[PDB]
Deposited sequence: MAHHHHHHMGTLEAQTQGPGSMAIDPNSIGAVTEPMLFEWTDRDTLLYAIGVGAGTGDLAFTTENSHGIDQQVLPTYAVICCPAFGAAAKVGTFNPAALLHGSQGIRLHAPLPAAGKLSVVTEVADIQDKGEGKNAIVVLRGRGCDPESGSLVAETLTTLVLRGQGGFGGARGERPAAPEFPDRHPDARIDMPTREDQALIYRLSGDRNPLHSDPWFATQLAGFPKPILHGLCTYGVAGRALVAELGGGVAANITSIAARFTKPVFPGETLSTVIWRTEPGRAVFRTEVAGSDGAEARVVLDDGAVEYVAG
């Protein structure tokens, strides 16, 4: 009776194309959502003198969400990212305003056994409707705590990235606002875990509402765009990370980065205390 229904026969199941459309208001709102301000007007304005709007590449999680595919596997929440991971890959810049035809898919289902975890992997692909050309990909890895033993394949946990044994090449601090979740939720995730202290505590057990995991991911994304992409959105190709611990709005997010190989880096995001790691196993591909 306490078991989660997980279809081990659903790997490969896919959703029909769904059109995601947005205007510049949305991409601007998202940018402010992940903490962009007066300091980077390319992300927070469209009509400033000598500055074309750029779109953060982590916006792929909103216009190309892999989420729809979860309904093929079971009825669990596709967006509960704790202990899970999120990856994005871009093949073109996302325009300030546009449309994508998004299809999703159950990429993988892993059964670690009764009283161990289920792992569900959802993959999103977004293409320009006219040309059919591939714009963005997303990968959402969900950990369903203790829900194994449903008749699935054991599988293989992917290799964690190698973190060089030295000091980080760069530490980018990004503050967050006490009210940040209230703006970030207007990019679509209205879950009251992030906005209602009643709910956050009475159902979820936290002293206060937690910041959206994807907001944290967007903040780390801004730090990576600055440090590795030269402040050029388009120069970040892929970003992946694992969500290890929750963040509270108002906490400062330190993204520690290591350049490993031309066009590649690894990272973590933490909150200075011993530091709490909140994003781990970060991996980035970028154009020099």
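- Unmodelled regions of the deposited sequence, numbered from residue 1: 1-18, 292-295, 311.
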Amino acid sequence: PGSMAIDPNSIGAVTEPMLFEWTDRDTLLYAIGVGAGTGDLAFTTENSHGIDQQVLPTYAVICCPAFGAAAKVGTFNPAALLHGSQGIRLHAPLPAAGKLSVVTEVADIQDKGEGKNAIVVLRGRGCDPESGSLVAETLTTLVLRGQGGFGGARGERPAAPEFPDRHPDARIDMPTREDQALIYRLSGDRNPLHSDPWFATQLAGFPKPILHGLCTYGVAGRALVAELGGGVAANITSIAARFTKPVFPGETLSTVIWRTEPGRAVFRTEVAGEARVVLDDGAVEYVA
From here on, numbers count along this sequence of modelled residues.
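- The mean Cα B-factor in the deposited entry runs higher for 165-173 than for the other of 165-173 and 132-140.
- Judged by mean Cα B factor in the deposited record, 112-120 ranks above the other of 194-202 and 112-120.
- Each of 213, 126, 209, 152 has a CA temperature factor in the record; the biggest one is found at 152.
- Residue set 95, 148, 87, 188: peak C-alpha B-factor at 148 (per PDB entry).
- Per the PDB record, residue ranking by Cα B-factor puts residue 179 in the lowest third of the chain.
- In the deposited entry, the Cα temperature factor of residue 19 sits in the top third of values across the chain's modelled residues.
- When the modelled residues of the chain are ordered by their C-alpha B factor, residue 268 lands in the middle third.
- In the deposited entry, the Cα temperature factor of residue 243 places it in the middle third of its chain's modelled residues.
- For residue 260, the recorded CA temperature factor ranks within the highest third of the chain's modelled residues.
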